[PDB]
file my_file_24.cif (mmCIF, N, CA, C and O atoms and all ligand atoms)
data_input
loop_
_atom_site.label_atom_id
_atom_site.label_comp_id
_atom_site.auth_asym_id
_atom_site.auth_seq_id
_atom_site.Cartn_x
_atom_site.Cartn_y
_atom_site.Cartn_z
N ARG T 4 15.36 -15.19 6.64
CA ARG T 4 15.40 -14.74 5.23
C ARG T 4 14.18 -15.29 4.51
O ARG T 4 13.92 -16.49 4.60
N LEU T 5 13.46 -14.40 3.85
CA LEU T 5 12.19 -14.84 3.29
C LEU T 5 12.30 -15.04 1.79
O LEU T 5 12.95 -14.25 1.11
N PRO T 6 11.66 -16.08 1.26
CA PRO T 6 11.59 -16.23 -0.20
C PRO T 6 10.62 -15.22 -0.80
O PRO T 6 9.65 -14.80 -0.17
N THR T 7 10.90 -14.84 -2.05
CA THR T 7 10.00 -14.03 -2.85
C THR T 7 9.76 -14.74 -4.18
O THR T 7 10.71 -15.24 -4.80
N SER T 8 8.51 -14.76 -4.62
CA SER T 8 8.17 -15.33 -5.92
C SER T 8 7.37 -14.31 -6.73
O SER T 8 6.48 -13.66 -6.19
N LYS T 9 7.80 -14.18 -8.08
CA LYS T 9 7.01 -13.40 -8.99
C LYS T 9 5.97 -14.32 -9.57
O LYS T 9 6.37 -15.54 -10.07
N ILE T 10 4.62 -13.88 -9.51
CA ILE T 10 3.50 -14.68 -10.00
C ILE T 10 2.51 -13.85 -10.82
O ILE T 10 2.60 -12.62 -10.92
N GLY F 276 -5.82 -2.77 9.17
CA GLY F 276 -6.99 -2.20 8.54
C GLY F 276 -8.13 -3.17 8.32
O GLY F 276 -8.08 -4.31 8.80
N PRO F 277 -9.16 -2.74 7.61
CA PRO F 277 -10.32 -3.61 7.39
C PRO F 277 -9.97 -4.72 6.41
O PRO F 277 -9.17 -4.54 5.50
N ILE F 278 -10.61 -5.87 6.60
CA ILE F 278 -10.54 -6.91 5.57
C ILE F 278 -11.33 -6.44 4.35
O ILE F 278 -12.43 -5.89 4.48
N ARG F 279 -10.75 -6.62 3.16
CA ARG F 279 -11.37 -6.19 1.91
C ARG F 279 -11.54 -7.38 0.97
O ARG F 279 -10.71 -8.30 0.95
N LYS F 280 -12.60 -7.33 0.16
CA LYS F 280 -12.76 -8.24 -0.97
C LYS F 280 -12.45 -7.46 -2.24
O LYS F 280 -12.95 -6.35 -2.43
N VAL F 281 -11.61 -8.03 -3.11
CA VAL F 281 -11.09 -7.34 -4.29
C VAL F 281 -11.21 -8.26 -5.49
O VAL F 281 -10.79 -9.42 -5.43
N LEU F 282 -11.76 -7.74 -6.59
CA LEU F 282 -11.92 -8.50 -7.83
C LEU F 282 -10.78 -8.16 -8.78
O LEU F 282 -10.48 -6.98 -9.00
N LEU F 283 -10.17 -9.19 -9.36
CA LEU F 283 -9.12 -9.03 -10.35
C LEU F 283 -9.53 -9.78 -11.61
O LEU F 283 -10.03 -10.90 -11.54
N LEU F 284 -9.32 -9.15 -12.77
CA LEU F 284 -9.61 -9.77 -14.07
C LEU F 284 -8.30 -10.01 -14.82
O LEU F 284 -7.49 -9.09 -14.97
N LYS F 285 -8.10 -11.23 -15.29
CA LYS F 285 -6.91 -11.51 -16.09
C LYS F 285 -7.25 -12.43 -17.24
O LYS F 285 -8.21 -13.20 -17.19
N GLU F 286 -6.44 -12.34 -18.29
CA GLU F 286 -6.49 -13.26 -19.42
C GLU F 286 -5.42 -14.33 -19.23
O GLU F 286 -4.52 -14.19 -18.41
N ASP F 287 -5.54 -15.41 -20.00
CA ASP F 287 -4.70 -16.57 -19.71
C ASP F 287 -3.24 -16.38 -20.13
O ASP F 287 -2.40 -17.19 -19.73
N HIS F 288 -2.92 -15.34 -20.91
CA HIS F 288 -1.55 -15.14 -21.38
C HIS F 288 -0.69 -14.39 -20.37
O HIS F 288 0.51 -14.22 -20.61
N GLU F 289 -1.26 -13.91 -19.28
CA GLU F 289 -0.52 -13.07 -18.34
C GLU F 289 -0.51 -13.74 -16.97
O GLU F 289 -1.26 -14.68 -16.71
N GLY F 290 0.40 -13.27 -16.11
CA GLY F 290 0.36 -13.64 -14.71
C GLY F 290 -0.50 -12.67 -13.92
O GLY F 290 -1.14 -11.78 -14.48
N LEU F 291 -0.51 -12.84 -12.59
CA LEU F 291 -1.26 -11.93 -11.73
C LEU F 291 -0.63 -10.55 -11.69
O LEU F 291 -1.33 -9.55 -11.50
N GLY F 292 0.69 -10.47 -11.82
CA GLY F 292 1.37 -9.20 -11.70
C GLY F 292 1.69 -8.82 -10.28
O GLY F 292 1.67 -7.63 -9.95
N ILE F 293 1.97 -9.80 -9.41
CA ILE F 293 2.40 -9.50 -8.05
C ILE F 293 3.64 -10.32 -7.73
O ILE F 293 3.89 -11.37 -8.32
N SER F 294 4.42 -9.81 -6.80
CA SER F 294 5.44 -10.59 -6.11
C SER F 294 4.95 -10.85 -4.70
O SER F 294 4.39 -9.96 -4.06
N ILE F 295 5.15 -12.08 -4.22
CA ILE F 295 4.74 -12.42 -2.86
C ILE F 295 5.94 -12.91 -2.07
O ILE F 295 6.88 -13.50 -2.62
N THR F 296 5.89 -12.65 -0.77
CA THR F 296 6.88 -13.17 0.16
C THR F 296 6.16 -13.77 1.36
O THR F 296 4.95 -13.60 1.54
N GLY F 297 6.90 -14.50 2.18
CA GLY F 297 6.33 -15.03 3.40
C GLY F 297 5.86 -16.46 3.26
O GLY F 297 6.20 -17.18 2.32
N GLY F 298 5.06 -16.87 4.23
CA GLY F 298 4.53 -18.22 4.26
C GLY F 298 4.63 -18.83 5.65
O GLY F 298 5.41 -18.41 6.50
N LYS F 299 3.82 -19.87 5.86
CA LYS F 299 3.63 -20.44 7.20
C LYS F 299 4.94 -20.97 7.78
O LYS F 299 5.17 -20.88 8.99
N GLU F 300 5.81 -21.53 6.93
CA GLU F 300 7.07 -22.06 7.43
C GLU F 300 7.98 -20.97 7.98
O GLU F 300 8.93 -21.29 8.71
N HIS F 301 7.70 -19.71 7.67
CA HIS F 301 8.44 -18.57 8.19
C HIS F 301 7.68 -17.79 9.26
O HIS F 301 8.20 -16.79 9.77
N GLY F 302 6.47 -18.22 9.60
CA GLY F 302 5.68 -17.52 10.60
C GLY F 302 5.19 -16.16 10.16
O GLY F 302 4.96 -15.29 11.01
N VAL F 303 5.02 -15.95 8.86
CA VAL F 303 4.62 -14.66 8.31
C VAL F 303 3.53 -14.93 7.27
O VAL F 303 3.54 -15.98 6.63
N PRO F 304 2.57 -14.03 7.10
CA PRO F 304 1.52 -14.24 6.09
C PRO F 304 2.10 -14.21 4.68
O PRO F 304 3.23 -13.79 4.43
N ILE F 305 1.28 -14.65 3.73
CA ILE F 305 1.56 -14.38 2.32
C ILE F 305 1.35 -12.88 2.09
O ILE F 305 0.22 -12.40 2.13
N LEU F 306 2.44 -12.15 1.84
CA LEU F 306 2.41 -10.70 1.71
C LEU F 306 2.74 -10.29 0.28
O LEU F 306 3.63 -10.88 -0.35
N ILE F 307 2.03 -9.29 -0.22
CA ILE F 307 2.37 -8.67 -1.50
C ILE F 307 3.57 -7.74 -1.30
O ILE F 307 3.47 -6.73 -0.59
N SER F 308 4.69 -8.06 -1.95
CA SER F 308 5.86 -7.20 -1.86
C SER F 308 6.07 -6.33 -3.09
O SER F 308 6.81 -5.35 -3.01
N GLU F 309 5.46 -6.68 -4.23
CA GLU F 309 5.56 -5.86 -5.43
C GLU F 309 4.25 -5.97 -6.20
O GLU F 309 3.61 -7.02 -6.22
N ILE F 310 3.87 -4.86 -6.83
CA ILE F 310 2.80 -4.81 -7.83
C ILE F 310 3.45 -4.39 -9.14
O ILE F 310 3.99 -3.28 -9.23
N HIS F 311 3.40 -5.25 -10.14
CA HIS F 311 4.09 -4.97 -11.40
C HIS F 311 3.28 -3.96 -12.21
O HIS F 311 2.10 -4.21 -12.49
N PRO F 312 3.84 -2.81 -12.59
CA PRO F 312 3.03 -1.79 -13.26
C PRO F 312 2.42 -2.29 -14.56
O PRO F 312 3.07 -2.97 -15.36
N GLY F 313 1.14 -1.98 -14.75
CA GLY F 313 0.42 -2.31 -15.96
C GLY F 313 -0.10 -3.73 -16.06
O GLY F 313 -0.81 -4.04 -17.03
N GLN F 314 0.20 -4.59 -15.09
CA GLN F 314 -0.25 -5.98 -15.11
C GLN F 314 -1.56 -6.13 -14.33
O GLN F 314 -2.05 -5.14 -13.77
N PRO F 315 -2.20 -7.32 -14.28
CA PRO F 315 -3.60 -7.36 -13.79
C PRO F 315 -3.83 -6.84 -12.38
O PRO F 315 -4.88 -6.23 -12.11
N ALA F 316 -2.90 -7.06 -11.44
CA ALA F 316 -3.15 -6.57 -10.09
C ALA F 316 -3.13 -5.04 -10.04
O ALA F 316 -3.96 -4.42 -9.37
N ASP F 317 -2.19 -4.42 -10.76
CA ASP F 317 -2.19 -2.97 -10.89
C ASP F 317 -3.50 -2.47 -11.50
O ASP F 317 -4.14 -1.54 -10.98
N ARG F 318 -3.92 -3.11 -12.60
CA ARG F 318 -5.12 -2.66 -13.31
C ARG F 318 -6.38 -2.79 -12.46
O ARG F 318 -7.30 -1.99 -12.60
N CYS F 319 -6.43 -3.79 -11.56
CA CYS F 319 -7.66 -3.99 -10.81
C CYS F 319 -7.90 -2.89 -9.78
O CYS F 319 -9.05 -2.63 -9.40
N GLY F 320 -6.84 -2.21 -9.33
CA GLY F 320 -6.96 -1.03 -8.51
C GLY F 320 -7.04 -1.27 -7.02
O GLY F 320 -6.81 -0.33 -6.24
N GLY F 321 -7.35 -2.49 -6.59
CA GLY F 321 -7.60 -2.72 -5.18
C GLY F 321 -6.54 -3.48 -4.40
O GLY F 321 -6.76 -3.80 -3.23
N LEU F 322 -5.40 -3.79 -5.01
CA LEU F 322 -4.34 -4.54 -4.35
C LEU F 322 -3.10 -3.67 -4.23
O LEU F 322 -2.73 -2.99 -5.19
N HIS F 323 -2.42 -3.75 -3.08
CA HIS F 323 -1.30 -2.86 -2.82
C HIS F 323 -0.17 -3.59 -2.11
O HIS F 323 -0.39 -4.56 -1.38
N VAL F 324 1.04 -3.07 -2.30
CA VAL F 324 2.20 -3.56 -1.56
C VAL F 324 1.93 -3.46 -0.06
O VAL F 324 1.43 -2.43 0.44
N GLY F 325 2.24 -4.53 0.67
CA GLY F 325 1.97 -4.59 2.09
C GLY F 325 0.70 -5.35 2.45
O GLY F 325 0.54 -5.72 3.62
N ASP F 326 -0.19 -5.57 1.48
CA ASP F 326 -1.38 -6.38 1.72
C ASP F 326 -1.00 -7.82 2.05
O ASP F 326 -0.11 -8.41 1.42
N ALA F 327 -1.68 -8.40 3.02
CA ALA F 327 -1.66 -9.85 3.20
C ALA F 327 -2.80 -10.48 2.41
O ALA F 327 -3.93 -9.99 2.44
N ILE F 328 -2.49 -11.55 1.68
CA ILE F 328 -3.53 -12.30 0.99
C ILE F 328 -4.06 -13.36 1.94
O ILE F 328 -3.34 -14.30 2.29
N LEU F 329 -5.32 -13.20 2.35
CA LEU F 329 -5.96 -14.11 3.29
C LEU F 329 -6.62 -15.28 2.58
O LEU F 329 -6.65 -16.40 3.11
N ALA F 330 -7.16 -15.04 1.39
CA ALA F 330 -7.84 -16.08 0.63
C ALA F 330 -7.90 -15.68 -0.83
O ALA F 330 -7.89 -14.49 -1.17
N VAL F 331 -8.00 -16.67 -1.71
CA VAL F 331 -8.24 -16.42 -3.12
C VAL F 331 -9.30 -17.39 -3.62
O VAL F 331 -9.18 -18.60 -3.42
N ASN F 332 -10.36 -16.85 -4.23
CA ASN F 332 -11.48 -17.66 -4.71
C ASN F 332 -11.96 -18.65 -3.65
O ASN F 332 -12.24 -19.81 -3.96
N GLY F 333 -12.04 -18.19 -2.40
CA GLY F 333 -12.52 -19.00 -1.30
C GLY F 333 -11.52 -20.01 -0.76
O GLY F 333 -11.87 -20.76 0.17
N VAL F 334 -10.30 -20.06 -1.29
CA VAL F 334 -9.24 -20.91 -0.76
C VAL F 334 -8.45 -20.12 0.28
O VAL F 334 -7.83 -19.10 -0.05
N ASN F 335 -8.45 -20.60 1.52
CA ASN F 335 -7.78 -19.90 2.61
C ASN F 335 -6.27 -20.02 2.47
O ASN F 335 -5.75 -21.11 2.25
N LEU F 336 -5.57 -18.89 2.56
CA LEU F 336 -4.12 -18.87 2.44
C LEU F 336 -3.43 -18.50 3.74
O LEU F 336 -2.21 -18.30 3.76
N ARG F 337 -4.18 -18.42 4.84
CA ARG F 337 -3.60 -17.93 6.09
C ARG F 337 -2.57 -18.90 6.67
O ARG F 337 -1.65 -18.47 7.36
N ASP F 338 -2.70 -20.20 6.39
CA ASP F 338 -1.84 -21.21 6.98
C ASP F 338 -1.00 -21.94 5.93
O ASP F 338 -0.57 -23.08 6.17
N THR F 339 -0.75 -21.32 4.78
CA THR F 339 -0.12 -22.01 3.66
C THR F 339 1.37 -21.69 3.61
O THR F 339 1.79 -20.57 3.91
N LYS F 340 2.16 -22.70 3.25
CA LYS F 340 3.58 -22.49 3.00
C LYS F 340 3.77 -21.70 1.71
O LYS F 340 2.88 -21.61 0.86
N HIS F 341 4.97 -21.13 1.56
CA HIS F 341 5.23 -20.24 0.44
C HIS F 341 4.91 -20.91 -0.90
O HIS F 341 4.17 -20.35 -1.71
N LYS F 342 5.46 -22.10 -1.14
CA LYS F 342 5.28 -22.72 -2.45
C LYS F 342 3.87 -23.27 -2.63
O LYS F 342 3.39 -23.37 -3.76
N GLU F 343 3.20 -23.65 -1.53
CA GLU F 343 1.78 -23.97 -1.62
C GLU F 343 0.99 -22.78 -2.14
O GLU F 343 0.15 -22.92 -3.04
N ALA F 344 1.28 -21.58 -1.61
CA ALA F 344 0.56 -20.39 -2.06
C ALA F 344 0.85 -20.09 -3.52
O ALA F 344 -0.05 -19.67 -4.26
N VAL F 345 2.09 -20.29 -3.96
CA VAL F 345 2.41 -20.05 -5.37
C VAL F 345 1.57 -20.94 -6.27
O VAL F 345 1.00 -20.48 -7.26
N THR F 346 1.47 -22.23 -5.93
CA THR F 346 0.69 -23.15 -6.75
C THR F 346 -0.79 -22.75 -6.76
O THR F 346 -1.42 -22.69 -7.83
N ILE F 347 -1.35 -22.44 -5.58
CA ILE F 347 -2.77 -22.08 -5.51
C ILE F 347 -3.03 -20.80 -6.30
O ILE F 347 -3.95 -20.74 -7.13
N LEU F 348 -2.22 -19.77 -6.08
CA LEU F 348 -2.46 -18.50 -6.75
C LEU F 348 -2.29 -18.62 -8.27
O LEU F 348 -3.08 -18.05 -9.03
N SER F 349 -1.26 -19.34 -8.72
CA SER F 349 -1.02 -19.43 -10.16
C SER F 349 -2.07 -20.26 -10.89
O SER F 349 -2.17 -20.15 -12.12
N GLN F 350 -2.86 -21.07 -10.17
CA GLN F 350 -3.90 -21.88 -10.80
C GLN F 350 -5.15 -21.08 -11.14
O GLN F 350 -5.96 -21.54 -11.96
N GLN F 351 -5.34 -19.91 -10.54
CA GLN F 351 -6.60 -19.19 -10.68
C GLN F 351 -6.65 -18.48 -12.03
O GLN F 351 -5.64 -17.96 -12.51
N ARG F 352 -7.83 -18.47 -12.65
CA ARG F 352 -8.01 -17.93 -14.00
C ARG F 352 -9.20 -16.98 -14.06
O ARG F 352 -10.18 -17.14 -13.33
N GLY F 353 -9.11 -15.99 -14.95
CA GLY F 353 -10.26 -15.19 -15.32
C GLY F 353 -10.66 -14.13 -14.30
O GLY F 353 -9.90 -13.20 -14.03
N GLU F 354 -11.85 -14.27 -13.73
CA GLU F 354 -12.36 -13.37 -12.70
C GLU F 354 -12.03 -13.97 -11.35
O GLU F 354 -12.59 -15.00 -10.97
N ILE F 355 -11.12 -13.33 -10.62
CA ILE F 355 -10.51 -13.89 -9.42
C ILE F 355 -10.80 -12.98 -8.23
O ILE F 355 -10.49 -11.79 -8.27
N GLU F 356 -11.37 -13.55 -7.16
CA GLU F 356 -11.71 -12.79 -5.96
C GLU F 356 -10.65 -12.97 -4.89
O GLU F 356 -10.35 -14.11 -4.49
N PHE F 357 -10.12 -11.86 -4.39
CA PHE F 357 -9.12 -11.86 -3.33
C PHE F 357 -9.74 -11.36 -2.03
O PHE F 357 -10.56 -10.44 -2.04
N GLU F 358 -9.33 -11.95 -0.92
CA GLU F 358 -9.59 -11.41 0.41
C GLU F 358 -8.26 -10.92 0.98
O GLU F 358 -7.32 -11.72 1.13
N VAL F 359 -8.15 -9.62 1.28
CA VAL F 359 -6.87 -9.01 1.64
C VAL F 359 -7.04 -8.06 2.81
O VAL F 359 -8.13 -7.55 3.10
N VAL F 360 -5.93 -7.81 3.50
CA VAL F 360 -5.92 -6.85 4.60
C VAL F 360 -4.54 -6.21 4.68
O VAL F 360 -3.52 -6.88 4.49
N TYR F 361 -4.52 -4.91 4.93
CA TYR F 361 -3.29 -4.17 5.12
C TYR F 361 -3.09 -3.92 6.60
O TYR F 361 -3.93 -3.29 7.24
N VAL F 362 -1.97 -4.40 7.13
CA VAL F 362 -1.57 -4.12 8.50
C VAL F 362 -0.35 -3.21 8.47
O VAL F 362 0.69 -3.60 7.93
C1 LIG T 401 11.38 -13.89 -10.74
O1 LIG T 401 10.56 -14.58 -11.24
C2 LIG T 401 12.54 -14.45 -9.91
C3 LIG T 401 13.23 -15.56 -10.68
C4 LIG T 401 14.18 -14.87 -11.61
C5 LIG T 401 13.95 -14.71 -12.95
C6 LIG T 401 15.00 -14.07 -13.60
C7 LIG T 401 16.04 -13.70 -12.72
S1 LIG T 401 15.66 -14.19 -11.13
#
call {"tool": "encode", "arguments": {"input": "my_file_24.cif", "output": "structure tokens"}}
result
Amino acid sequence: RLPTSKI
Amino acid sequence: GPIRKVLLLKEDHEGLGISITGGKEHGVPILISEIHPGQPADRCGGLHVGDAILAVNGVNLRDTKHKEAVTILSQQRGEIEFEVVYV
């Protein structure tokens, strides 16, 4: 499961 | 595909306008998973969903953990050069 970040 | 160099312009009140996933701890590159419409990455024209970010402003991101990449990318200001490739 991969993390996602809004940047 | 080919490795590309892409210029992005942003002001200090906005973010880059991308979502990223992946990172070295997962064995996957830093990948663009979203381009937020109307924000600086969309406006620059050269960044797309599915691109891997290889470097930013000469900082190599190929071996970086997810949160390392977040810190590096969020620190960049103004005229920002990306090295990217679509596989
Ligand atoms: C986006 O930045 C993910 C963190 C969240 C912000 C609001 C809901 S989830």
call {"tool": "closest_residue", "arguments": {"input": "my_file_24.cif", "among": "F:278, F:284, F:345, F:322", "to": "chain T", "atoms": "all atoms listed in the file"}}
result
F:345
call {"tool": "residues_near_ligand", "arguments": {"input": "my_file_24.cif", "ligand": "ligand LIG 401 (chain T)", "cutoff": "6 Å", "atoms": "all atoms listed in the file", "output": "ChimeraX atom specification"}}
result
/T:7-9
call {"tool": "residues_around", "arguments": {"input": "my_file_24.cif", "residues": "segment 289-294 of chain F", "least_positions_apart": "3", "cutoff": "8 Å", "atoms": "only N, CA, C and O atoms", "output": "compact mmCIF listing (two decimals) with N, CA, C and O atoms, in the coordinates of the input"}}
result
# COMPACT_ATOMS: atom_id res chain seq x y z
N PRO T 6 11.66 -16.08 1.26
CA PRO T 6 11.59 -16.23 -0.20
C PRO T 6 10.62 -15.22 -0.80
O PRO T 6 9.65 -14.80 -0.17
N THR T 7 10.90 -14.84 -2.05
CA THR T 7 10.00 -14.03 -2.85
C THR T 7 9.76 -14.74 -4.18
O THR T 7 10.71 -15.24 -4.80
N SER T 8 8.51 -14.76 -4.62
CA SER T 8 8.17 -15.33 -5.92
C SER T 8 7.37 -14.31 -6.73
O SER T 8 6.48 -13.66 -6.19
N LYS T 9 7.80 -14.18 -8.08
CA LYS T 9 7.01 -13.40 -8.99
C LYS T 9 5.97 -14.32 -9.57
O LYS T 9 6.37 -15.54 -10.07
N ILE T 10 4.62 -13.88 -9.51
CA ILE T 10 3.50 -14.68 -10.00
C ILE T 10 2.51 -13.85 -10.82
O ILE T 10 2.60 -12.62 -10.92
N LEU F 283 -10.17 -9.19 -9.36
CA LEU F 283 -9.12 -9.03 -10.35
C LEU F 283 -9.53 -9.78 -11.61
O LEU F 283 -10.03 -10.90 -11.54
N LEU F 284 -9.32 -9.15 -12.77
CA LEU F 284 -9.61 -9.77 -14.07
C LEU F 284 -8.30 -10.01 -14.82
O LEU F 284 -7.49 -9.09 -14.97
N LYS F 285 -8.10 -11.23 -15.29
CA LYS F 285 -6.91 -11.51 -16.09
C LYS F 285 -7.25 -12.43 -17.24
O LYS F 285 -8.21 -13.20 -17.19
N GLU F 286 -6.44 -12.34 -18.29
CA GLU F 286 -6.49 -13.26 -19.42
C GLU F 286 -5.42 -14.33 -19.23
O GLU F 286 -4.52 -14.19 -18.41
N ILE F 305 1.28 -14.65 3.73
CA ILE F 305 1.56 -14.38 2.32
C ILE F 305 1.35 -12.88 2.09
O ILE F 305 0.22 -12.40 2.13
N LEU F 306 2.44 -12.15 1.84
CA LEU F 306 2.41 -10.70 1.71
C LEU F 306 2.74 -10.29 0.28
O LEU F 306 3.63 -10.88 -0.35
N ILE F 307 2.03 -9.29 -0.22
CA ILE F 307 2.37 -8.67 -1.50
C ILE F 307 3.57 -7.74 -1.30
O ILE F 307 3.47 -6.73 -0.59
N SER F 308 4.69 -8.06 -1.95
CA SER F 308 5.86 -7.20 -1.86
C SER F 308 6.07 -6.33 -3.09
O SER F 308 6.81 -5.35 -3.01
N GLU F 309 5.46 -6.68 -4.23
CA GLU F 309 5.56 -5.86 -5.43
C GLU F 309 4.25 -5.97 -6.20
O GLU F 309 3.61 -7.02 -6.22
N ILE F 310 3.87 -4.86 -6.83
CA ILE F 310 2.80 -4.81 -7.83
C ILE F 310 3.45 -4.39 -9.14
O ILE F 310 3.99 -3.28 -9.23
N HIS F 311 3.40 -5.25 -10.14
CA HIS F 311 4.09 -4.97 -11.40
C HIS F 311 3.28 -3.96 -12.21
O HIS F 311 2.10 -4.21 -12.49
N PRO F 312 3.84 -2.81 -12.59
CA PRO F 312 3.03 -1.79 -13.26
C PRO F 312 2.42 -2.29 -14.56
O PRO F 312 3.07 -2.97 -15.36
N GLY F 313 1.14 -1.98 -14.75
CA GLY F 313 0.42 -2.31 -15.96
C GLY F 313 -0.10 -3.73 -16.06
O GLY F 313 -0.81 -4.04 -17.03
N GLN F 314 0.20 -4.59 -15.09
CA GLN F 314 -0.25 -5.98 -15.11
C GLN F 314 -1.56 -6.13 -14.33
O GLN F 314 -2.05 -5.14 -13.77
N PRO F 315 -2.20 -7.32 -14.28
CA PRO F 315 -3.60 -7.36 -13.79
C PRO F 315 -3.83 -6.84 -12.38
O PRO F 315 -4.88 -6.23 -12.11
N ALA F 316 -2.90 -7.06 -11.44
CA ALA F 316 -3.15 -6.57 -10.09
C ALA F 316 -3.13 -5.04 -10.04
O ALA F 316 -3.96 -4.42 -9.37
N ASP F 317 -2.19 -4.42 -10.76
CA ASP F 317 -2.19 -2.97 -10.89
C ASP F 317 -3.50 -2.47 -11.50
O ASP F 317 -4.14 -1.54 -10.98
N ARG F 318 -3.92 -3.11 -12.60
CA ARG F 318 -5.12 -2.66 -13.31
C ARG F 318 -6.38 -2.79 -12.46
O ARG F 318 -7.30 -1.99 -12.60
N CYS F 319 -6.43 -3.79 -11.56
CA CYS F 319 -7.66 -3.99 -10.81
C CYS F 319 -7.90 -2.89 -9.78
O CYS F 319 -9.05 -2.63 -9.40
N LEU F 322 -5.40 -3.79 -5.01
CA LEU F 322 -4.34 -4.54 -4.35
C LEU F 322 -3.10 -3.67 -4.23
O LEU F 322 -2.73 -2.99 -5.19
N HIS F 323 -2.42 -3.75 -3.08
CA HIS F 323 -1.30 -2.86 -2.82
C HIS F 323 -0.17 -3.59 -2.11
O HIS F 323 -0.39 -4.56 -1.38
N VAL F 324 1.04 -3.07 -2.30
CA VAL F 324 2.20 -3.56 -1.56
C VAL F 324 1.93 -3.46 -0.06
O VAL F 324 1.43 -2.43 0.44
N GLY F 325 2.24 -4.53 0.67
CA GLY F 325 1.97 -4.59 2.09
C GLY F 325 0.70 -5.35 2.45
O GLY F 325 0.54 -5.72 3.62
N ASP F 326 -0.19 -5.57 1.48
CA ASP F 326 -1.38 -6.38 1.72
C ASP F 326 -1.00 -7.82 2.05
O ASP F 326 -0.11 -8.41 1.42
N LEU F 348 -2.22 -19.77 -6.08
CA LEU F 348 -2.46 -18.50 -6.75
C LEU F 348 -2.29 -18.62 -8.27
O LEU F 348 -3.08 -18.05 -9.03
N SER F 349 -1.26 -19.34 -8.72
CA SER F 349 -1.02 -19.43 -10.16
C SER F 349 -2.07 -20.26 -10.89
O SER F 349 -2.17 -20.15 -12.12
N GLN F 351 -5.34 -19.91 -10.54
CA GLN F 351 -6.60 -19.19 -10.68
C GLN F 351 -6.65 -18.48 -12.03
O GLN F 351 -5.64 -17.96 -12.51
N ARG F 352 -7.83 -18.47 -12.65
CA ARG F 352 -8.01 -17.93 -14.00
C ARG F 352 -9.20 -16.98 -14.06
O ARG F 352 -10.18 -17.14 -13.33
call {"tool": "atom_distance", "arguments": {"input": "my_file_24.cif", "atom1": "atom CA of residue 334 of chain F", "atom2": "atom CA of residue 347 of chain F"}}
result
8.1 Å
call {"tool": "atom_distance", "arguments": {"input": "my_file_24.cif", "atom1": "atom N of residue 355 of chain F", "atom2": "atom O of residue 331 of chain F"}}
result
9.1 Å
call {"tool": "atom_distance", "arguments": {"input": "my_file_24.cif", "atom1": "atom CA of residue 4 of chain T", "atom2": "atom CA of residue 301 of chain F"}}
result
8.5 Å
call {"tool": "residues_near_point", "arguments": {"input": "my_file_24.cif", "point": "(-11.7, -6.9, 1.1)", "cutoff": "8 Å", "atoms": "all atoms listed in the file", "output": "PyMOL selection string"}}
result
chain F and resi 277-282+321+357-360
call {"tool": "closest_residue", "arguments": {"input": "my_file_24.cif", "among": "F:295, F:344, F:336, F:303", "to": "chain T", "atoms": "only C-alpha atoms"}}
result
F:295
call {"tool": "closest_residue", "arguments": {"input": "my_file_24.cif", "among": "F:343, F:320, F:338, F:356", "to": "chain T", "atoms": "only C-alpha atoms"}}
result
F:343
call {"tool": "closest_residue", "arguments": {"input": "my_file_24.cif", "among": "F:288, F:335, F:297, F:361", "to": "residue 5 of chain T", "atoms": "only N, CA, C and O atoms"}}
result
F:297
call {"tool": "select_by_dssp", "arguments": {"input": "my_file_24.cif", "residues": "segment 279-352 of chain F", "states": "helix (DSSP H, G or I)", "output": "list in words"}}
result
residues 299, 300, 301, 315, 316, 317, 318, 319, 341, 342, 343, 344, 345, 346, 347, 348, 349 and 350 of chain F
